[PDB]
Every structure is written in structure tokens, then in C-alpha cells.
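Protein chains in written order, with PDB author numbering: chain C, 1 to 202, 214 to 238, 253 to 277; chain A, 1 to 202, 213 to 237, 254 to 276; chain B, 1 to 202, 213 to 237, 255 to 278; chain D, 1 to 204, 214 to 237, 254 to 276.
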Amino acid sequence: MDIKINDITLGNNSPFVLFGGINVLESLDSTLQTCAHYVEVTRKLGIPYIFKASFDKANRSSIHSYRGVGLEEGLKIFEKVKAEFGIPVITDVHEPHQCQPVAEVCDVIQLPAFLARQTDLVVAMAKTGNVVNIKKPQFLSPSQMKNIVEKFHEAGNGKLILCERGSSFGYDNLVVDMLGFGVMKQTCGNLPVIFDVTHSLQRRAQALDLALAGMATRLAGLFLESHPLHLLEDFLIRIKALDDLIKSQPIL
Amino acid sequence: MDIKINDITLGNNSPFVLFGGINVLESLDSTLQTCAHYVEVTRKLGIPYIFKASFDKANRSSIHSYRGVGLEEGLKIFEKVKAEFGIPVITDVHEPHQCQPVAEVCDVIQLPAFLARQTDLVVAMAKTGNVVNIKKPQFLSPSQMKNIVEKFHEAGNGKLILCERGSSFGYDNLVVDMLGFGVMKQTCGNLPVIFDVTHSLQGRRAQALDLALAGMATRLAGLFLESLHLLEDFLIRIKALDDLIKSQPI
Amino acid sequence: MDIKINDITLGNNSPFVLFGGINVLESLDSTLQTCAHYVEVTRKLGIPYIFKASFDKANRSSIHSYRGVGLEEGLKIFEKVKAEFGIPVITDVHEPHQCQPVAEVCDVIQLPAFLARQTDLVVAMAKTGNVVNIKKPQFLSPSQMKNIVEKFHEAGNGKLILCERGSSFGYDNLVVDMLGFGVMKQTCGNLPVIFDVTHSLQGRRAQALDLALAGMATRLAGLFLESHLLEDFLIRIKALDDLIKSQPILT
Amino acid sequence: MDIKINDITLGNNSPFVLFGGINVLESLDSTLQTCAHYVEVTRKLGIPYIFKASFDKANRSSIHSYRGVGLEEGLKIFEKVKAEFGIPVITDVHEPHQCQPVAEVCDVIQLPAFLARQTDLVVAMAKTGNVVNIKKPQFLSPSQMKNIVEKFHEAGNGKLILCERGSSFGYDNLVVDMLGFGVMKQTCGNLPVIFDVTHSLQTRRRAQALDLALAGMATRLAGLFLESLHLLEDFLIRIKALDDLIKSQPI
Ligand SMILES: [Cl-]
Ligand code: NA
């Protein structure tokens, strides 16, 4: 099942889509500059691109580290990104009250892994009618994603994306089970599956190996965060090379 | 470090405190019925007791499944429970705005395991000044608990209980690492550590007993559960072990 | 199911048995010294005691680490330990051909975790008729122990002990599942279950004590060490064990 | 570091080598039927190929299982394979005495995962000077493979292949950490790293094995290790397609 996000086709058998940007919206000029560079590189390589950032990072390293610009200023920044570059945007939501105002501006709204089973937030997100990215919790097995998917379907929304970010592996460590992608495809109606390589890690050699491994299984998209910015092009050339190959061959 | 909750002394070298009650509050009458049972068994065995309940099921089976009586109704029931039995109570909170009004009624407020890293909830809970129970996430190392403790401490609240609930073990399984209790005690300033045996699980009663005794053998401040006279039989054995452990020099 | 080892009763509802000693046998004099210390401490507390050592260690830290005195001298040393102290002994075997001669002297023969599924060894061990200690591999679930037990039964030996050593938990780390003991008792006919607390670590003595107490709280036939510190430790284990064993299994 | 095996160059930046065949040798006629199929498919695909088989199943299902053809007959069959086809072969060895006589014939000798820490077997395999395939235990982290490599180097053999087979993940389940390939490259002097996709999966279909094989080979590996109306050929066309692409990109 494919999902149209403006003029982009997202699907497990379509050219991969890059979800990328910055961790926290900190500033207007810096967000536009970072986005500009993603846009330049992705346009150069013909890779569909969705800009990603959080306006309210609810899980932070210290209690007083900057949470981000907040809802109202964040949505203004997202508006400017869309106007300037003509691209879709993605951001997370943490409270039901945020869902409507965020969905009015943003093309994809994201369900944070730690809130993945909060029924109130799931219903509130489903009822926006927006395309939704479901972050798979590290403590949740790939077969348990259909339970989240069914809660969205009950509440009236089937425009869902499932996002791998790794699995708990002993203490303080993550492993990405490459078979999980297929389990999610076969148990959740072949909805688009994307891979958050950044949060699946802990290094640029690791990210590349892990991204290539993932994309070899035939995925709708790759999800990353950047600070290295200038090595983006070399990275994407490799991802595109593998994706073009995999996608050019019929499924067996 | 000990924590006083009314006339109960909670701490890792004190007689263990039982935390128990129901999953989610449905009605006044069934709530008072469950609590009376717990008070009856715990009084005759001489075990300090704190009643536990959630006013909301945050993760429902269905979009249209029953959720619980909610905040305003839940709090009224907790006020009744306290009035009738004169015992402390504990409930979990899921949104920052809920923290202060829950804290007015409930002696201990609980940080759910999924929300343990929600910085706004941590602050709001800390602001209340109430005793806080921190549910250790199944995906978090015991040595990482010190980071959650630090945040409560920078938010001005040191009345913290650390609660074990097992660790992710492959897919859809949990294991309890008995060494984690010790790591938490050493790294988090000997705050009271309690063991949620109920959530650490998923002959099934025999399992809870083996697991509870193994946990309590490491010297814990309390035992946390949801649950012939099966509670009685269980607690008689736990108290015997706890009495022995706590009578040995550290 | 109980197992008689000379005058010792080993079982999940009998007073715990201590298994311990030295890593590898070097000399008669050196062995008698360590053994004598274990014997004196355990005798002082009335804890039954089985002395453990390897005569030929297959899984050494380095290629050229001393392997031990070897079969012939090793067995002479075990014979002396038995005569001097009147206690049973335990040793690992890793080749089928050594099982019979070792079983002439050693009361309990031990199957290394890494050879737990080597059918040849299992059969050679079974055929001795001796009590056998099966070390559970860290990658084997407690519900798989039944299969090892079945292979010993097929080979004519039911006198088996199951030895817990921990489970792989991510990379490097081991975790001991306290529920595994129960699963093994329930699925393997209540064969005696012992707890190798030392391997299970990785150690700190504080950690050893917590982990040992936790496991013994589940009601176990014995405690296995790969080791007045021993006295203080054994006093605590005995306290817990006497309490647990004194109470009826849940009604 | 590359390794020459007859006319095959094995290395993490060379075209992948297939290590392929069966579980155990049963008949000489049944073995040639399998090998001939592997050879014709790989030759037309231009994939270098090494024939794999065991001469003994050391972990029987029951005590009364089909162990296999045995050593004496096995070596004769491997002879016949190398004469007929002109390819290298690989097999596992489980006892130190077997190593030199097996290495006289079999180009690559394999350290079973369960015996990874058997020091006598490591030294015996090392001493043959043959290329050695090290099966990574499901319980060993990739950071710790360097310890086995260390022992082989110390015993004087550097022609080592590292074979990934998955990692213990909870009970009775395996996960393959795609990052471990890189860890092993970086910590073990860039020795050839191969991927046993078959064993990595036997706790979970061709669809599965393909996804997993493609993911692993995407990390740039020296080879693929497997077991088994034209499924191998179709499967290998897809692997070669990805390998060719990956190997043509600069590191
Ligand atoms: Cl031992
Ligand atoms: Na929208």
C-alpha cells in the first residue's frame, strides 16, 4: 500500500524517500540553511525529500536543555520551510491537544515510540486524517505493530507509516533485526516501512552499513538526523545506488 | 535513605512494605472490597501496606474499551479509601497537569515506565513535593536510573522510590536481573528500592512466589503487586524471608 | 528426585550442598591445603561439601595456561582427597575415553557446558553409571534442558544434576533468570538443580552474595562455586536455605 | 587481508565466494548429485565456489540418530569431489587428532561454534597450516572474536575466516547484528568475514533467507555460507547483483 504525500509516492516498492533534518527547532535561519542543503543534495540526485524536526523535544538530556521553539513558533518555521522549498514536513506530537494545530501545517505527524501505546494520543492523531508515522518502540516486537495499526484503523485512519528504530539488546544497546521489516510488511498490510538509522545506532561508517543493510530488504524510506552535513551527498549516492538496484528487480 | 509515608517507614533496611490493589478503578464498592481484603491480611501478618490503583488505563485493548473512572472520580474514591482505612495510597500520573491535583490526595505518585524519560512529567511530578515511585523502564539499564534520580534532584525532590519491573529479553519476554537491585542502591544513594513482581512476569502463582522471594532475598524496601487464601499464604512466606534478611548485618 | 552421593542426600528439598575447590589440580600438597580449608569451614557449619577440581582443563584462558596434572596424577590426587577427608569429589571430563577411568574415582562427573550437546560424550558419561552434573549452556533456554536429560535416560542414566550458570543477555553480559530453576524442575522430573553463581557473574563478593541468596530462595539442591570470607558467606546462605527448606512447598 | 584458496581470492573487497552444500554426507552418489548442481550454477554465474559437508553430526536429535558417513568414508568422498570438479572443499572437525588427516584433503577446516573455546582443538587446527573457518558462537560478541584470532595467531596460523551465524536474543531465538561485521573487520585485522545465513534463521522460507542474505552482503563481505524449480540460481543471481554493486563502490 502506497501513500501519496503531496507529489511524493511513498511505498515499499517505490524509490526510497529521505526523511531528514535536525533534532530540535532552535532557530529560523539555521533551520532554513540546513533544509536548503538537504534540498540541494536530494534535488541533485532526484531523491524525494521530507524535512524533519521537533519543535518540542519532550525527552531531553537535562531538565533545562532547550526544548525547542515550541508549538506556535515551530509551526511558523515549518510554514516557511514549505513556502520556500515546496516540500513536505514531518514532526512529532506529544499531547492530543497538539494534534489538530500541528496536522494543519505538517504533512506527516509522528507518534513518538514512548507514546506508541497511549490510546488517547493514538485516537487524537487518527482523527486528524493526516498521514502518520508510527515509531516502533525498542521494547516492542515487530509482530506487535498490528495492534497499533488496528487502533488507528478503528479510529478511522489507515494512512500509516511504520518506522524501525531498533530493538533492546541486553543493557544500553540496540540491534536491528533485518527480518522485522518483512514481519511488519506481512502483518500490517504492506504499509510503508521506513528505517530510522540515526536512533537505531548509539559513527558514519556504522550508519552507512546499517542503512545499506536495511534498504537491501526493500523499504519505502530512510530516516536520519544530521549535525555530518557535508558528507550527505556521498552517503545518499550509496543509498540510491542500492535502492535503485533492489527496486529494479521484481519481488521474489 | 528512608522515606516516611505517614506512619510507615520505607527503606531498604526496614521491614518490607506491600504495595497492592487493583489494575484500574471501576467503582467505589469493588475498590473498598479489594482494599479491605488487603488491609485484613496485612494487619494480621503485621505488614505495612499502601493501596495501589490507577484512575485511568492509558493503554487500552480497544479504541472503545472501558478506560476507568477518570481523575475527579478516582480522586474521590482515593479520599474514601484513605478515610475508611487510614492507609496511604499510590496512583500513576500520565500528564503534567494531572500531577498537582493527584498529589493533593495521593501520598505516592508513580511515574509510569513508558514515560520515565518525559522531562515535563518528571518536573511536574517533582514540583508537587510528594513521594515519587519511578518505574524502571524494561529497556533501561539499572546504572541509568541515576540519571532519572539526578533530574528529580535538580527539580528539587529527593523523596524517590526506585521500582524494578524486569528487563526486555529478546522479543515479548522479560527477565529480572537480581544484580540490578544492588547497582541501583549503590548508584542512587540507597534510595528505597521496591520490586513490582506482577509486571515483571508476563503454576503462575508459584512463579510469582519464586520471583518475589528471590528479589526480597537481596534486601528490598518493598514489594509491589496486583493479585483458598492465596495472598495470605504468599505474604507469610515473603515476611519470613524478609524478617531473616533484614536481621542479618549488612 | 533425590540423589545419594555416598552419605550425602542431594535434592531440591534437602539441606543445600556446597560444590567448590580449585580451578585446576597442580599438586597433591596444594590440593589438600585448599580442600582442607573448605572442609573445615563447611564442617563447622554442618554443610555437606563436594570438592571440585579439573585434572585437564580444555577451555583455558590462553593456549599455554597450565592444563592441570592430567588423568593419571589427577585421579591419584582425588583418591587422596577422598581418603583424607571422607568427602565426595567432582570433576569435568571432555573426552569419551576418559569417562570410565575418571568414574572409578570421582563420585560426580561433570559435562562441560560447551559439550552439553555432544552425543558421544553424553553416552560415554551415561554409561559410567555415575552421578552426572550437566552444566547448562548460557545460550540454552531452561526448557531445552529436557532434551539433554532425555539423551542421558536413553543411554541408561537418570542420576542427573542440572547446573545453572546464567543466560546470554545482549553482548558479554549474563543474567540469571530466577524463573528458569522452576522450569527445569517442572520439565526435568524435579532432578536436583544447583546454581553455579561464579560463572553466572560476568567477581565482586557483594554481587556473589546477592545473586547466591536470590537463587537459593527458589529452593535449590546446591550451590556451586568456581572460587573468614567463606565462613561469613556460607553462614548467610545457610540461614536462608534452612528457612526456605523448613517450610512446605506452596499448598 | 585476503586469503588464497587454490585459484580463489577470498576477501572483504573481492567478489563474494559461495560456501555451499549439505548438512551431512550420506552417500557418494548423493553428494556428487548435489555438488554438480552447485558447480554448474556457480560457474555460469561466475561465482567462486567451495563445497561444504560434514562427515559426522556430533549433536544427534536422539541417541539413536543418523550420525552420518563417518570420517574414513567422508575423506574418500571429498577426494572424489576435488578430483571430479577441481574445487576446494570445507568440513568441520570436532577432535584434535582428526585435524591433520582432515587437513591433508580438505582445503578449509572449520572450528564448530560450540568448540570455539576448546584450546586443544584450536592449537591442533592451527598447527595444520590450513585455512580455518571460525564459526562465531551465538553467545560471543563480535568484539570478542579477536580473542579466538589471538589464539590462532599465537599458535602460528593467520589464514582465518570469520563466519557470522547470529546472536542469542532472549530464549530460542537469534538476531543477526548487521553492525557486527564491521566490528569484526576493525578488530580482527580485516580478515575475510563470511555470513552463514542458514543457521542464522533456523529459529524463525526462501523469502526470509533472501532478505537476510542481501542485508548482510550489503555490508561488504568476503562470502556467503549456506545449506539447501530453479531456486538456488535465482537466489544467487540476486546476491551477485547486490555484491557486484557493493564491491564497485569505493570504501
Ligand atoms: Cl567448574
Ligand atoms: Na497536514
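Positions of the beta carbon are idealized from the N, C-alpha and C atoms, including for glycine.
- Here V193 (chain A) carries a strand assignment [DSSP, helix/strand/coil].
- With respect to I87 (chain A), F51 (chain A) sits close: the two C-beta atoms are nearer than 8 Å.
- Around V105 (chain B), the same chain offers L75, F78, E79, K82, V89 as residues with beta carbons nearer than 8 Å, after the five sequence neighbours per side are excluded.
- Considering only D:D107, D:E164, D:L111, the residue with the shortest C-alpha distance to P96 (chain D) is D:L111.
- The C-beta of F169 (chain C) comes closer than 8 Å to at least one C-beta of chain B.
- In the pairwise beta carbon analysis, the region 117-127 of chain B is classified as touching the region 55-65 of chain D: at least three pairs are separated by under 8 Å.
- In this structure, DSSP gives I8 (chain D) an extended state, which the three-state scheme calls strand.
- Within the same chain, Cβ atoms closer than 6 Å to the Cβ of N6 (chain A) are found at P88, the five residues on either side in sequence being excluded.
- Residues are counted here when their Cβ sits less than 9 Å from a Cβ of chain A; for the region 167-194 of chain D these are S168, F169, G170, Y171, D172, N173, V175, given in chain order.
- With respect to chain B, the C-beta atom of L267 (chain A) has a partner C-beta closer than 8 Å.
- Sorted by position in the chain, C:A103, C:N130 make up the residues whose C-beta lies under 5 Å from a heavy atom of ligand 2.
- The residue among B:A155, B:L191, B:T91 with its C-alpha nearest the C-alpha of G129 (chain B) is B:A155.
- Taking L28 (chain B) as reference, the option from B:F19, B:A53, B:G11 with the minimal CA-CA separation is B:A53.
- For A155 (chain D), the residues of chain B that pass the 7 Å Cβ criterion are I63, in the order they occur in the chain.
- Using beta-carbon distances, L162 (chain A) does not count as an interface residue toward chain B, since no partner is under 8 Å.
- Residues of the same chain with a CB within less than 6 Å of the CB of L257 (chain C), apart from the 5 flanking positions on each side, are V41 in chain order.
- Here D196 (chain B) is buried. Its C-beta has 16 or more other C-beta atoms within 10 Å.
- Neighbours of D120 (chain D) in chain B, taken as residues at a C-beta separation under 7 Å, are given in chain order as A58.
- Using a CB distance cut-off of 8 Å, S141 (chain A) counts as an interface residue toward chain C.
- In this structure, the CA atom of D2 (chain B) is about 40 Å from the CA atom of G11 (chain A).
- Here the C-alpha atom of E73 (chain C) lies approximately 17 Å from the C-alpha atom of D107 (chain C).
- Taken through DSSP and simplified to helix, strand or coil, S168 (chain B) comes out as strand.
- Chain-order list of chain A residues neighbouring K151 (chain C): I63, by C-beta distance under 7 Å.
- Checking the 7 Å criterion, the Cβ of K44 (chain D) is out of range of every heavy atom belonging to ligand 1.
- Any Cβ of chain B closer than 8 Å to the Cβ of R165 (chain A) would place that residue at the interface, and such an atom is absent.
- Going by DSSP, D120 (chain D) is part of the alpha helix (DSSP H) stretching over 119-127.
- For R263 (chain B), the chain A residues whose Cβ falls inside 7 Å of its Cβ are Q274, in order along the chain.
- At the C-beta level, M178 (chain A) and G225 (chain A) come within 8 Å of one another.
- The beta-bridge partner set that DSSP reports for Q110 (chain A) consists of A:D92, A:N133.
- Excluding residues up to 5 positions away in sequence, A126 lie with their Cβ nearer than 6 Å to the Cβ of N157 (chain B) in the same chain.
- When DSSP reads this structure, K159 (chain A) sits in no beta bridge, so it has no partner.
- Cβ atoms of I8 (chain B) and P48 (chain B) come within 8 Å of each other, at about 5 Å.
- Just so you know, the alpha carbons of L219 (chain D) and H153 (chain B) end up roughly 40 Å apart.
- When the Cα atoms are used, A124 (chain A) and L45 (chain A) turn out to be separated by approximately 37 Å.
- A Cβ of chain A is located within less than 8 Å of the beta carbon of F114 (chain C).
- The Cβ of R117 (chain C) sits closer than 8 Å to at least one Cβ of chain A.
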